[PDB]
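Engineer: My structure file my_file13.cif, mmCIF, C-alpha atoms, is below:
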```cif
data_entry
loop_
_atom_site.group_PDB
_atom_site.id
_atom_site.type_symbol
_atom_site.label_atom_id
_atom_site.label_comp_id
_atom_site.auth_asym_id
_atom_site.auth_seq_id
_atom_site.Cartn_x
_atom_site.Cartn_y
_atom_site.Cartn_z
ATOM 1 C CA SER A 1 -41.060 17.462 54.906
ATOM 2 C CA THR A 2 -42.095 19.760 57.734
ATOM 3 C CA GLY A 3 -40.789 21.075 61.046
ATOM 4 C CA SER A 4 -42.506 22.463 64.147
ATOM 5 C CA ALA A 5 -40.724 23.995 67.145
ATOM 6 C CA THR A 6 -41.892 25.813 70.260
ATOM 7 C CA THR A 7 -40.558 29.304 70.769
ATOM 8 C CA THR A 8 -40.345 30.754 74.276
ATOM 9 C CA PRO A 9 -39.962 34.324 75.619
ATOM 10 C CA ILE A 10 -36.558 34.835 77.297
ATOM 11 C CA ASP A 11 -38.006 36.978 80.080
ATOM 12 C CA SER A 12 -41.197 38.439 81.541
ATOM 13 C CA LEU A 13 -41.246 41.315 79.027
ATOM 14 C CA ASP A 14 -41.018 39.164 75.862
ATOM 15 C CA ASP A 15 -37.777 40.982 74.998
ATOM 16 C CA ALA A 16 -36.998 38.132 72.616
ATOM 17 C CA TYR A 17 -37.878 34.528 71.853
ATOM 18 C CA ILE A 18 -35.674 31.428 71.843
ATOM 19 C CA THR A 19 -36.264 28.223 69.886
ATOM 20 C CA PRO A 20 -34.269 24.978 70.427
ATOM 21 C CA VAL A 21 -32.071 23.991 67.483
ATOM 22 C CA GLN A 22 -30.098 20.732 67.110
ATOM 23 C CA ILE A 23 -26.649 21.199 65.586
ATOM 24 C CA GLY A 24 -24.144 18.501 64.733
ATOM 25 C CA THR A 25 -23.733 14.791 65.429
ATOM 26 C CA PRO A 26 -24.511 13.834 68.100
ATOM 27 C CA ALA A 27 -26.979 16.691 68.507
ATOM 28 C CA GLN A 28 -25.891 19.796 70.346
ATOM 29 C CA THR A 29 -28.996 21.730 71.273
ATOM 30 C CA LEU A 30 -28.713 25.509 71.368
ATOM 31 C CA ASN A 31 -31.522 27.993 71.967
ATOM 32 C CA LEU A 32 -31.489 30.429 69.089
ATOM 33 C CA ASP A 33 -33.206 33.727 68.385
ATOM 34 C CA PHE A 34 -35.146 33.215 65.127
ATOM 35 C CA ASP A 35 -34.713 36.518 63.296
ATOM 36 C CA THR A 36 -36.712 37.325 60.139
ATOM 37 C CA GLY A 37 -34.706 40.565 59.951
ATOM 38 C CA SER A 38 -31.271 38.951 59.330
ATOM 39 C CA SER A 39 -29.803 36.037 57.399
ATOM 40 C CA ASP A 40 -26.904 34.604 59.387
ATOM 41 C CA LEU A 41 -27.129 31.505 61.581
ATOM 42 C CA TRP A 42 -24.468 32.091 64.208
ATOM 43 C CA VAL A 43 -23.725 30.547 67.558
ATOM 44 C CA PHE A 44 -21.721 30.912 70.699
ATOM 45 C CA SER A 45 -19.024 28.297 70.354
ATOM 46 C CA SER A 46 -15.821 26.787 71.631
ATOM 47 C CA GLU A 47 -14.061 29.492 69.615
ATOM 48 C CA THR A 48 -15.795 32.447 71.309
ATOM 49 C CA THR A 49 -13.551 34.738 73.388
ATOM 50 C CA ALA A 50 -13.902 33.197 76.860
ATOM 51 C CA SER A 51 -14.531 36.561 78.578
ATOM 52 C CA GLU A 52 -17.448 37.185 76.213
ATOM 53 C CA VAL A 53 -19.302 34.014 77.220
ATOM 54 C CA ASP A 54 -21.509 34.246 80.305
ATOM 55 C CA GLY A 55 -23.917 31.351 80.687
ATOM 56 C CA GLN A 56 -24.632 30.539 77.061
ATOM 57 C CA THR A 57 -24.556 27.039 75.686
ATOM 58 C CA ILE A 58 -21.772 26.706 73.133
ATOM 59 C CA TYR A 59 -21.426 24.778 69.892
ATOM 60 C CA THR A 60 -18.249 22.697 69.830
ATOM 61 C CA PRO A 61 -17.575 21.638 66.215
ATOM 62 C CA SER A 62 -14.668 19.363 67.182
ATOM 63 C CA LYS A 63 -17.249 17.190 68.967
ATOM 64 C CA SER A 64 -19.445 16.869 65.878
ATOM 65 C CA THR A 65 -18.611 14.130 63.402
ATOM 66 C CA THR A 66 -20.491 15.986 60.641
ATOM 67 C CA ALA A 67 -18.876 19.412 61.190
ATOM 68 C CA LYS A 68 -16.540 20.628 58.438
ATOM 69 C CA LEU A 69 -14.604 23.889 58.498
ATOM 70 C CA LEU A 70 -15.644 26.063 55.576
ATOM 71 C CA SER A 71 -12.117 26.902 54.541
ATOM 72 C CA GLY A 72 -11.359 30.612 54.344
ATOM 73 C CA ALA A 73 -14.857 31.804 55.243
ATOM 74 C CA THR A 74 -15.467 34.545 57.777
ATOM 75 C CA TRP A 75 -18.475 36.547 58.864
ATOM 76 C CA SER A 76 -19.141 39.799 60.606
ATOM 77 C CA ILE A 77 -22.513 41.351 61.313
ATOM 78 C CA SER A 78 -23.959 44.472 62.946
ATOM 79 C CA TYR A 79 -27.583 44.749 63.935
ATOM 80 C CA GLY A 80 -29.911 47.741 64.002
ATOM 81 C CA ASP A 81 -29.573 48.004 67.765
ATOM 82 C CA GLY A 82 -25.797 48.422 67.539
ATOM 83 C CA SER A 83 -24.874 44.923 68.654
ATOM 84 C CA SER A 84 -22.446 42.786 66.660
ATOM 85 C CA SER A 85 -20.646 39.501 66.261
ATOM 86 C CA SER A 86 -18.089 37.850 63.977
ATOM 87 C CA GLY A 87 -16.090 34.687 63.449
ATOM 88 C CA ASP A 88 -15.502 31.774 61.084
ATOM 89 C CA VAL A 89 -17.763 29.175 59.513
ATOM 90 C CA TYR A 90 -18.498 25.463 59.661
ATOM 91 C CA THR A 91 -21.014 23.438 57.723
ATOM 92 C CA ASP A 92 -22.998 20.900 59.764
ATOM 93 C CA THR A 93 -26.341 19.212 60.177
ATOM 94 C CA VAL A 94 -28.999 21.495 61.603
ATOM 95 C CA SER A 95 -32.452 20.399 62.669
ATOM 96 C CA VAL A 96 -35.413 22.511 63.723
ATOM 97 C CA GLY A 97 -38.483 20.826 65.186
ATOM 98 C CA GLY A 98 -37.893 17.593 63.235
ATOM 99 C CA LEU A 99 -36.785 19.277 59.991
ATOM 100 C CA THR A 100 -33.198 18.569 58.983
ATOM 101 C CA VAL A 101 -30.785 20.445 56.732
ATOM 102 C CA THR A 102 -27.392 18.922 55.928
ATOM 103 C CA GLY A 103 -24.511 21.211 55.035
ATOM 104 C CA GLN A 104 -25.980 24.263 56.779
ATOM 105 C CA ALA A 105 -23.521 27.092 57.281
ATOM 106 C CA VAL A 106 -23.117 27.393 61.049
ATOM 107 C CA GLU A 107 -21.316 30.626 61.751
ATOM 108 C CA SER A 108 -19.065 30.266 64.789
ATOM 109 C CA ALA A 109 -18.573 33.397 66.896
ATOM 110 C CA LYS A 110 -15.039 34.374 67.820
ATOM 111 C CA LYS A 111 -16.286 37.768 69.067
ATOM 112 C CA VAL A 112 -19.652 39.020 70.360
ATOM 113 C CA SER A 113 -20.626 42.468 71.670
ATOM 114 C CA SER A 114 -21.577 43.008 75.285
ATOM 115 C CA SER A 115 -25.322 42.833 74.775
ATOM 116 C CA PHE A 116 -24.974 39.243 73.520
ATOM 117 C CA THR A 117 -22.632 38.376 76.387
ATOM 118 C CA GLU A 118 -25.159 39.836 78.854
ATOM 119 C CA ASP A 119 -27.975 37.779 77.270
ATOM 120 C CA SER A 120 -27.314 34.371 78.924
ATOM 121 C CA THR A 121 -30.504 32.890 77.489
ATOM 122 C CA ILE A 122 -29.619 33.413 73.796
ATOM 123 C CA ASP A 123 -27.043 30.969 72.353
ATOM 124 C CA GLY A 124 -27.126 32.525 68.895
ATOM 125 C CA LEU A 125 -29.333 33.738 66.049
ATOM 126 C CA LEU A 126 -30.979 31.904 63.171
ATOM 127 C CA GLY A 127 -31.639 34.300 60.325
ATOM 128 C CA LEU A 128 -34.776 33.957 58.247
ATOM 129 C CA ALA A 129 -34.534 37.060 56.045
ATOM 130 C CA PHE A 130 -33.435 36.637 52.431
ATOM 131 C CA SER A 131 -30.057 35.014 51.803
ATOM 132 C CA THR A 132 -28.827 38.124 49.985
ATOM 133 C CA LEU A 133 -28.156 39.677 53.439
ATOM 134 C CA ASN A 134 -25.911 36.833 54.576
ATOM 135 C CA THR A 135 -22.529 38.222 55.660
ATOM 136 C CA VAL A 136 -20.325 35.191 54.962
ATOM 137 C CA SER A 137 -17.297 36.077 52.870
ATOM 138 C CA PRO A 138 -15.935 35.387 50.274
ATOM 139 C CA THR A 139 -18.758 32.956 49.497
ATOM 140 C CA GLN A 140 -22.193 34.021 50.636
ATOM 141 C CA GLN A 141 -24.230 31.303 52.365
ATOM 142 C CA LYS A 142 -27.916 30.376 52.420
ATOM 143 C CA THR A 143 -30.328 30.553 55.348
ATOM 144 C CA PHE A 144 -31.766 27.479 56.994
ATOM 145 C CA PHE A 145 -35.101 28.223 55.322
ATOM 146 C CA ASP A 146 -33.544 28.652 51.884
ATOM 147 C CA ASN A 147 -31.688 25.349 52.276
ATOM 148 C CA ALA A 148 -34.840 23.571 53.469
ATOM 149 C CA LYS A 149 -37.266 25.057 50.919
ATOM 150 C CA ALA A 150 -37.105 22.462 48.180
ATOM 151 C CA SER A 151 -37.760 19.619 50.652
ATOM 152 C CA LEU A 152 -40.665 21.398 52.336
ATOM 153 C CA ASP A 153 -44.233 20.317 51.615
ATOM 154 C CA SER A 154 -44.912 23.998 50.957
ATOM 155 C CA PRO A 155 -42.218 26.716 50.700
ATOM 156 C CA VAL A 156 -43.360 28.604 53.790
ATOM 157 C CA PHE A 157 -42.642 29.144 57.422
ATOM 158 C CA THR A 158 -44.971 30.649 60.021
ATOM 159 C CA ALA A 159 -44.465 32.650 63.162
ATOM 160 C CA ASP A 160 -46.973 32.317 65.979
ATOM 161 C CA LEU A 161 -45.453 34.284 68.874
ATOM 162 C CA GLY A 162 -47.036 34.274 72.304
ATOM 163 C CA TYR A 163 -47.780 37.177 74.616
ATOM 164 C CA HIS A 164 -46.083 36.254 77.892
ATOM 165 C CA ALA A 165 -46.382 32.662 76.699
ATOM 166 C CA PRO A 166 -44.803 30.042 74.407
ATOM 167 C CA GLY A 167 -45.532 30.030 70.699
ATOM 168 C CA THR A 168 -44.615 28.142 67.559
ATOM 169 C CA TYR A 169 -42.434 28.335 64.446
ATOM 170 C CA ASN A 170 -43.638 25.946 61.731
ATOM 171 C CA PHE A 171 -41.779 25.095 58.516
ATOM 172 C CA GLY A 172 -43.405 23.739 55.395
ATOM 173 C CA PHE A 173 -47.054 23.888 56.428
ATOM 174 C CA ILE A 174 -49.846 26.153 57.643
ATOM 175 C CA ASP A 175 -51.597 25.052 60.815
ATOM 176 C CA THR A 176 -55.199 25.956 60.054
ATOM 177 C CA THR A 177 -56.099 25.433 63.735
ATOM 178 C CA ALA A 178 -53.701 28.124 64.939
ATOM 179 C CA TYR A 179 -55.662 31.175 63.787
ATOM 180 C CA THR A 180 -59.161 32.561 63.461
ATOM 181 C CA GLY A 181 -60.859 33.825 60.303
ATOM 182 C CA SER A 182 -58.823 33.992 57.104
ATOM 183 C CA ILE A 183 -55.220 34.736 56.317
ATOM 184 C CA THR A 184 -54.809 38.006 54.390
ATOM 185 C CA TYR A 185 -51.866 37.980 52.062
ATOM 186 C CA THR A 186 -49.974 41.108 51.079
ATOM 187 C CA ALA A 187 -47.121 41.796 48.655
ATOM 188 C CA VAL A 188 -43.458 41.673 49.645
ATOM 189 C CA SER A 189 -40.461 43.527 48.295
ATOM 190 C CA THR A 190 -37.185 41.646 48.615
ATOM 191 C CA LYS A 191 -35.186 44.590 47.242
ATOM 192 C CA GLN A 192 -33.563 45.341 50.648
ATOM 193 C CA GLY A 193 -33.297 41.639 51.624
ATOM 194 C CA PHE A 194 -36.137 41.901 54.169
ATOM 195 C CA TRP A 195 -39.737 40.683 54.461
ATOM 196 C CA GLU A 196 -40.798 44.196 53.455
ATOM 197 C CA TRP A 197 -44.463 45.010 52.991
ATOM 198 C CA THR A 198 -46.901 47.921 53.135
ATOM 199 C CA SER A 199 -49.509 48.227 55.851
ATOM 200 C CA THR A 200 -52.705 49.992 54.772
ATOM 201 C CA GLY A 201 -53.065 52.084 57.892
ATOM 202 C CA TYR A 202 -53.839 52.194 61.576
ATOM 203 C CA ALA A 203 -56.238 52.998 64.399
ATOM 204 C CA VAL A 204 -55.694 53.945 68.070
ATOM 205 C CA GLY A 205 -58.031 52.303 70.569
ATOM 206 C CA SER A 206 -61.626 52.650 69.425
ATOM 207 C CA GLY A 207 -60.663 55.450 67.024
ATOM 208 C CA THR A 208 -61.487 55.552 63.351
ATOM 209 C CA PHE A 209 -59.077 53.870 60.990
ATOM 210 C CA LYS A 210 -56.644 56.076 59.132
ATOM 211 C CA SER A 211 -55.983 54.768 55.628
ATOM 212 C CA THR A 212 -52.323 55.407 54.931
ATOM 213 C CA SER A 213 -49.489 53.356 53.424
ATOM 214 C CA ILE A 214 -46.829 52.351 55.910
ATOM 215 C CA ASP A 215 -43.813 50.569 54.399
ATOM 216 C CA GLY A 216 -42.059 48.277 56.878
ATOM 217 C CA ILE A 217 -40.495 44.920 57.653
ATOM 218 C CA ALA A 218 -41.793 41.885 59.486
ATOM 219 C CA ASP A 219 -38.970 41.320 61.973
ATOM 220 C CA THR A 220 -39.211 38.654 64.674
ATOM 221 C CA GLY A 221 -35.756 39.705 65.840
ATOM 222 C CA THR A 222 -36.921 43.165 66.972
ATOM 223 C CA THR A 223 -38.806 43.529 70.245
ATOM 224 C CA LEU A 224 -40.918 46.611 69.654
ATOM 225 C CA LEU A 225 -43.086 48.224 66.995
ATOM 226 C CA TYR A 226 -41.278 51.109 65.235
ATOM 227 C CA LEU A 227 -43.491 53.387 63.167
ATOM 228 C CA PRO A 228 -43.435 56.925 61.719
ATOM 229 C CA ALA A 229 -43.303 59.754 64.246
ATOM 230 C CA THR A 230 -46.785 61.001 63.219
ATOM 231 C CA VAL A 231 -48.398 57.616 63.953
ATOM 232 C CA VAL A 232 -46.538 57.166 67.229
ATOM 233 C CA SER A 233 -47.452 60.683 68.408
ATOM 234 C CA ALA A 234 -51.102 59.955 67.589
ATOM 235 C CA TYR A 235 -50.903 56.809 69.743
ATOM 236 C CA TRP A 236 -49.192 58.231 72.831
ATOM 237 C CA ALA A 237 -51.407 61.364 72.807
ATOM 238 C CA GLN A 238 -54.180 59.026 73.971
ATOM 239 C CA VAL A 239 -52.287 58.081 77.153
ATOM 240 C CA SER A 240 -52.429 60.646 79.985
ATOM 241 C CA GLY A 241 -48.956 61.721 81.036
ATOM 242 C CA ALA A 242 -47.131 59.954 78.217
ATOM 243 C CA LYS A 243 -44.147 61.778 76.820
ATOM 244 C CA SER A 244 -41.086 61.252 74.643
ATOM 245 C CA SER A 245 -37.970 61.243 76.793
ATOM 246 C CA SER A 246 -34.593 61.795 75.221
ATOM 247 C CA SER A 247 -32.856 60.677 78.409
ATOM 248 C CA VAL A 248 -34.655 57.331 78.444
ATOM 249 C CA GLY A 249 -34.631 56.923 74.666
ATOM 250 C CA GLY A 250 -38.289 56.974 73.668
ATOM 251 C CA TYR A 251 -41.860 57.277 74.796
ATOM 252 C CA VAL A 252 -42.571 56.537 78.463
ATOM 253 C CA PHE A 253 -45.867 56.552 80.265
ATOM 254 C CA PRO A 254 -47.167 56.384 83.854
ATOM 255 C CA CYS A 255 -47.174 52.785 84.977
ATOM 256 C CA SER A 256 -50.673 53.514 86.375
ATOM 257 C CA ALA A 257 -52.081 53.963 82.835
ATOM 258 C CA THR A 258 -54.362 51.654 80.941
ATOM 259 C CA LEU A 259 -52.993 51.537 77.408
ATOM 260 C CA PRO A 260 -55.239 51.700 74.350
ATOM 261 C CA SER A 261 -55.007 49.044 71.696
ATOM 262 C CA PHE A 262 -53.325 49.695 68.342
ATOM 263 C CA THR A 263 -54.723 48.371 65.064
ATOM 264 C CA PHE A 264 -52.699 47.998 61.842
ATOM 265 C CA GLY A 265 -54.014 47.268 58.337
ATOM 266 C CA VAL A 266 -53.197 44.277 56.172
ATOM 267 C CA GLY A 267 -55.014 45.034 52.939
ATOM 268 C CA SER A 268 -58.672 45.229 53.921
ATOM 269 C CA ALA A 269 -58.090 43.246 57.122
ATOM 270 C CA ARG A 270 -57.111 44.506 60.587
ATOM 271 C CA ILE A 271 -54.794 43.190 63.282
ATOM 272 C CA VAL A 272 -55.487 44.461 66.794
ATOM 273 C CA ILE A 273 -52.627 44.757 69.254
ATOM 274 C CA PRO A 274 -54.070 44.797 72.772
ATOM 275 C CA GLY A 275 -52.920 47.692 74.930
ATOM 276 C CA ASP A 276 -51.239 45.256 77.357
ATOM 277 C CA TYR A 277 -48.823 44.146 74.611
ATOM 278 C CA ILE A 278 -47.512 47.715 74.453
ATOM 279 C CA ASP A 279 -46.451 47.827 78.154
ATOM 280 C CA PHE A 280 -42.736 47.046 78.665
ATOM 281 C CA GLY A 281 -42.738 47.896 82.342
ATOM 282 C CA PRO A 282 -40.666 50.189 84.553
ATOM 283 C CA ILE A 283 -37.740 51.971 82.869
ATOM 284 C CA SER A 284 -35.648 50.973 85.875
ATOM 285 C CA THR A 285 -36.432 48.679 88.784
ATOM 286 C CA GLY A 286 -38.955 50.311 91.078
ATOM 287 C CA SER A 287 -39.747 53.242 88.784
ATOM 288 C CA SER A 288 -43.307 54.404 88.212
ATOM 289 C CA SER A 289 -42.379 55.449 84.675
ATOM 290 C CA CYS A 290 -43.006 52.646 82.160
ATOM 291 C CA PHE A 291 -41.497 52.073 78.728
ATOM 292 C CA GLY A 292 -43.691 52.082 75.649
ATOM 293 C CA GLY A 293 -43.799 49.253 73.133
ATOM 294 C CA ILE A 294 -44.616 51.553 70.200
ATOM 295 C CA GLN A 295 -41.716 53.807 69.337
ATOM 296 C CA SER A 296 -40.708 56.198 66.569
ATOM 297 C CA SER A 297 -38.775 54.758 63.634
ATOM 298 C CA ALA A 298 -37.384 58.207 62.830
ATOM 299 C CA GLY A 299 -33.633 57.810 62.634
ATOM 300 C CA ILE A 300 -33.781 54.037 62.115
ATOM 301 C CA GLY A 301 -34.547 54.622 58.469
ATOM 302 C CA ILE A 302 -37.175 51.923 58.228
ATOM 303 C CA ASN A 303 -40.418 51.004 59.979
ATOM 304 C CA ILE A 304 -40.266 47.711 61.903
ATOM 305 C CA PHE A 305 -43.146 45.421 62.670
ATOM 306 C CA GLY A 306 -41.385 43.720 65.549
ATOM 307 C CA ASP A 307 -42.682 41.222 68.104
ATOM 308 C CA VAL A 308 -45.188 43.681 69.624
ATOM 309 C CA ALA A 309 -47.059 43.630 66.333
ATOM 310 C CA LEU A 310 -46.280 40.092 65.153
ATOM 311 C CA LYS A 311 -47.310 38.334 68.400
ATOM 312 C CA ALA A 312 -50.812 39.742 67.858
ATOM 313 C CA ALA A 313 -51.016 37.667 64.666
ATOM 314 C CA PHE A 314 -50.442 34.355 62.988
ATOM 315 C CA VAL A 315 -47.862 35.280 60.365
ATOM 316 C CA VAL A 316 -47.095 33.372 57.156
ATOM 317 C CA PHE A 317 -43.716 33.921 55.552
ATOM 318 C CA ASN A 318 -44.367 32.628 52.041
ATOM 319 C CA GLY A 319 -41.119 31.921 50.219
ATOM 320 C CA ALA A 320 -42.630 30.953 46.878
ATOM 321 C CA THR A 321 -41.060 32.327 43.681
ATOM 322 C CA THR A 322 -42.974 35.527 44.364
ATOM 323 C CA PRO A 323 -42.779 35.865 48.129
ATOM 324 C CA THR A 324 -45.697 37.214 50.115
ATOM 325 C CA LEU A 325 -46.693 37.757 53.774
ATOM 326 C CA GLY A 326 -49.913 36.578 55.351
ATOM 327 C CA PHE A 327 -51.510 37.808 58.555
ATOM 328 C CA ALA A 328 -54.393 36.296 60.473
ATOM 329 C CA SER A 329 -55.933 37.103 63.837
ATOM 330 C CA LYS A 330 -55.695 34.420 66.506
#
```
Give the structure from the file, written as structure tokens.
Structural biologist:
Amino acid sequence: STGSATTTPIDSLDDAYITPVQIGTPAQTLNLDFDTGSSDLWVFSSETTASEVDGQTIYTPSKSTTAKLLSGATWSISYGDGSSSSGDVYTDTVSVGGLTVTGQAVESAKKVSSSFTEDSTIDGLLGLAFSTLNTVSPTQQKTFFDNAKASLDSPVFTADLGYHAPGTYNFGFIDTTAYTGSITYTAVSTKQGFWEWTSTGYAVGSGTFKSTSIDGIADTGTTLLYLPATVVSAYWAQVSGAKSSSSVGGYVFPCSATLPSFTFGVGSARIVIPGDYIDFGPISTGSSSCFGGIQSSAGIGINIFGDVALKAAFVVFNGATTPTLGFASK
């Protein structure tokens, strides 16, 4: 089997992407944030604290004939940005772009932090990291991808994120028309539960390529590109007036700038992020100071190839016995 779903930016900055997901019988369609950096599928629901819901579409398990309470199971998760959610667990039928899993753990939020409440366009998350990170207790649950794998034509999913435009998540097949040139595959470590790999270096604008190993994760659930302070300083030094601002929380630059591109290595291949992708607009409405899309990972504890990097590529998440990552230009 296969699945194919369109994923859409939630706003004009591509702060995140939502993909329609059918849950239960009859289908309840919720727009979820597909997150290759976590492994819980959780949703706003009929059980969510009423004051913490503001515009989201909710899953109501009592209206689904295939929903079953997973007796005794709870979940609680915290993300790298400090947001969080928690609740109990149902199993139900979950379909993505024509691909159906029965008995999927659907984690029902009783509590969500303010940033989720304030995000009216995101009805939940669908984790696509490795199932070892799943927070369900006392019995850990599998991701949608892990549940689907055996039925898939090929044990893969692909992320094809758009820049200010819709894109595509495919399950079980590689759309050879969706990218240019070849796909370069690179090794993955699952030791921390992430799609963790090692980039072979970088370049800034038309600069020469610096060969250097950069360990990081492919994370569709993170907006920006977080890299070592040395790399990030080298990038922003090429933008007149750019500076790191503690008060804002990162590198800012004059909105009048033209940003250079940023290239990262995948083995011998190169992915080029256009400078435009790195502009996240005014720090506050009306400001002439703009927020940078490449930021320091120092104090995160890990480098993150978030959407800024991934949307510049066609990305293959290969979940074979030995997982790997593939990157192609597009």
Engineer: Interatomic distance between CA of residue 288 (chain A) and CA of residue 256 (chain A)?
Structural biologist: 7.6 Å
Engineer: For CA of residue 83 (chain A) and CA of residue 20 (chain A), quote the distance in Å rounded to one decimal.
Structural biologist: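 Calculated distance between CA of residue 83 (chain A) and CA of residue 20 (chain A) is 22.1 Å.
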Engineer: Evaluate the PyMOL selection byres ((chain A and resi 308) around 8) on the structure here and hand back the selected residues as a PyMOL selection string.
Structural biologist: chain A and resi 223-225+273+277-278+293-294+305-307+309-312
Engineer: Would you put the residues from that selection into a file with C-alpha atoms, as a compact mmCIF listing (two decimals), in the frame of the given file?
Structural biologist:
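Done, and the output landed in result-v8.txt:
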```txt
# COMPACT_ATOMS: atom_id res chain seq x y z
CA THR A 223 -38.81 43.53 70.24
CA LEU A 224 -40.92 46.61 69.65
CA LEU A 225 -43.09 48.22 67.00
CA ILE A 273 -52.63 44.76 69.25
CA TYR A 277 -48.82 44.15 74.61
CA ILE A 278 -47.51 47.72 74.45
CA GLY A 293 -43.80 49.25 73.13
CA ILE A 294 -44.62 51.55 70.20
CA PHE A 305 -43.15 45.42 62.67
CA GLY A 306 -41.38 43.72 65.55
CA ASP A 307 -42.68 41.22 68.10
CA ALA A 309 -47.06 43.63 66.33
CA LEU A 310 -46.28 40.09 65.15
CA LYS A 311 -47.31 38.33 68.40
CA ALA A 312 -50.81 39.74 67.86
```
Engineer: Tell me which residues the PyMOL selection byres ((chain A and resi 29) around 10) grabs here, as a PyMOL selection string.
Structural biologist: chain A and resi 19-24+26-28+30-32+57-59+94-96+123
Engineer: Got a sec: who's within 12 Å of residue 77 (chain A), counting only C-alpha atoms, leaving out chain neighbours fewer than 5 positions off, as a compact mmCIF listing (two decimals) with C-alpha atoms, in the coordinates of the input?
Structural biologist:
```
# COMPACT_ATOMS: atom_id res chain seq x y z
CA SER A 38 -31.27 38.95 59.33
CA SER A 39 -29.80 36.04 57.40
CA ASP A 40 -26.90 34.60 59.39
CA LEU A 41 -27.13 31.50 61.58
CA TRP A 42 -24.47 32.09 64.21
CA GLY A 82 -25.80 48.42 67.54
CA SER A 83 -24.87 44.92 68.65
CA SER A 84 -22.45 42.79 66.66
CA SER A 85 -20.65 39.50 66.26
CA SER A 86 -18.09 37.85 63.98
CA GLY A 87 -16.09 34.69 63.45
CA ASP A 88 -15.50 31.77 61.08
CA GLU A 107 -21.32 30.63 61.75
CA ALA A 109 -18.57 33.40 66.90
CA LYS A 111 -16.29 37.77 69.07
CA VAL A 112 -19.65 39.02 70.36
CA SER A 113 -20.63 42.47 71.67
CA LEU A 125 -29.33 33.74 66.05
CA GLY A 127 -31.64 34.30 60.32
CA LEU A 133 -28.16 39.68 53.44
CA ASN A 134 -25.91 36.83 54.58
CA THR A 135 -22.53 38.22 55.66
CA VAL A 136 -20.32 35.19 54.96
CA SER A 137 -17.30 36.08 52.87
```
Engineer: Any chance you could work out the residue set of the PyMOL selection byres ((chain A and resi 7) around 12) here, as JSON, numbers by chain?
Structural biologist: {"A": [4, 5, 6, 8, 9, 10, 14, 16, 17, 18, 19, 20, 21, 31, 32, 33, 34, 35, 96, 97, 158, 159, 160, 161, 162, 163, 164, 165, 166, 167, 168, 169, 170, 220, 311]}
Engineer: Counting all atoms listed in the file, figure out which residue out of A:266, A:187, A:302, A:13 gets nearest to residue 211 (chain A).
Structural biologist: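 Selected residue with least distance to residue 211 (chain A): A:266.
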Engineer: Counting only C-alpha atoms, which residue out of A:36, A:118, A:261, A:64 sits closest to residue 51 (chain A)?
Structural biologist: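 Of A:36, A:118, A:261, A:64, the one nearest residue 51 (chain A), counting only C-alpha atoms, is A:118.
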Engineer: Box in all listed atoms of region 58-63 of chain A, axis-aligned, with 6 Å more on each side; write out centre and edge lengths in Å to one decimal as lines of an AutoDock Vina configuration file.
Structural biologist:
```
center_x = -18.2
center_y = 21.9
center_z = 69.7
size_x = 19.1
size_y = 21.5
size_z = 18.9
```
Engineer: Given the point (-50.9, 56.6, 77.8) in the file's coordinates, find the residues that have an atom at most 12 Å from it, counting all atoms listed in the file, and give them as a PyMOL selection string.
Structural biologist: chain A and resi 204-205+232-244+251-262+275-276+278-279+289-294
Engineer: Please produce an output containing C-alpha atoms for each residue in the selection, written as a compact mmCIF listing (two decimals), in the coordinates of the input.
Structural biologist:
```
# COMPACT_ATOMS: atom_id res chain seq x y z
CA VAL A 204 -55.69 53.94 68.07
CA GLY A 205 -58.03 52.30 70.57
CA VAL A 232 -46.54 57.17 67.23
CA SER A 233 -47.45 60.68 68.41
CA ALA A 234 -51.10 59.96 67.59
CA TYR A 235 -50.90 56.81 69.74
CA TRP A 236 -49.19 58.23 72.83
CA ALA A 237 -51.41 61.36 72.81
CA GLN A 238 -54.18 59.03 73.97
CA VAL A 239 -52.29 58.08 77.15
CA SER A 240 -52.43 60.65 79.98
CA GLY A 241 -48.96 61.72 81.04
CA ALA A 242 -47.13 59.95 78.22
CA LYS A 243 -44.15 61.78 76.82
CA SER A 244 -41.09 61.25 74.64
CA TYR A 251 -41.86 57.28 74.80
CA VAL A 252 -42.57 56.54 78.46
CA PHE A 253 -45.87 56.55 80.26
CA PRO A 254 -47.17 56.38 83.85
CA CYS A 255 -47.17 52.78 84.98
CA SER A 256 -50.67 53.51 86.38
CA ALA A 257 -52.08 53.96 82.84
CA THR A 258 -54.36 51.65 80.94
CA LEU A 259 -52.99 51.54 77.41
CA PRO A 260 -55.24 51.70 74.35
CA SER A 261 -55.01 49.04 71.70
CA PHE A 262 -53.32 49.70 68.34
CA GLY A 275 -52.92 47.69 74.93
CA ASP A 276 -51.24 45.26 77.36
CA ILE A 278 -47.51 47.72 74.45
CA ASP A 279 -46.45 47.83 78.15
CA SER A 289 -42.38 55.45 84.68
CA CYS A 290 -43.01 52.65 82.16
CA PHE A 291 -41.50 52.07 78.73
CA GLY A 292 -43.69 52.08 75.65
CA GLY A 293 -43.80 49.25 73.13
CA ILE A 294 -44.62 51.55 70.20
```
Engineer: As a ChimeraX atom specification, please: the residues near residue 150 (chain A) (cut-off 12 Å, all atoms listed in the file, same-chain neighbours under 6 positions excluded).
Structural biologist: /A:1-2,101,144,156,171-172,319-321
Engineer: Residues as selected, C-alpha atoms, written as a short mmCIF file (atom, residue, chain, number, x, y, z; two decimals), in the frame of the given file, can you do that?
Structural biologist:
```cif
data_model
loop_
_atom_site.label_atom_id
_atom_site.label_comp_id
_atom_site.auth_asym_id
_atom_site.auth_seq_id
_atom_site.Cartn_x
_atom_site.Cartn_y
_atom_site.Cartn_z
CA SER A 1 -41.06 17.46 54.91
CA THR A 2 -42.10 19.76 57.73
CA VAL A 101 -30.78 20.44 56.73
CA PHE A 144 -31.77 27.48 56.99
CA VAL A 156 -43.36 28.60 53.79
CA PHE A 171 -41.78 25.10 58.52
CA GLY A 172 -43.40 23.74 55.40
CA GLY A 319 -41.12 31.92 50.22
CA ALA A 320 -42.63 30.95 46.88
CA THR A 321 -41.06 32.33 43.68
#
```
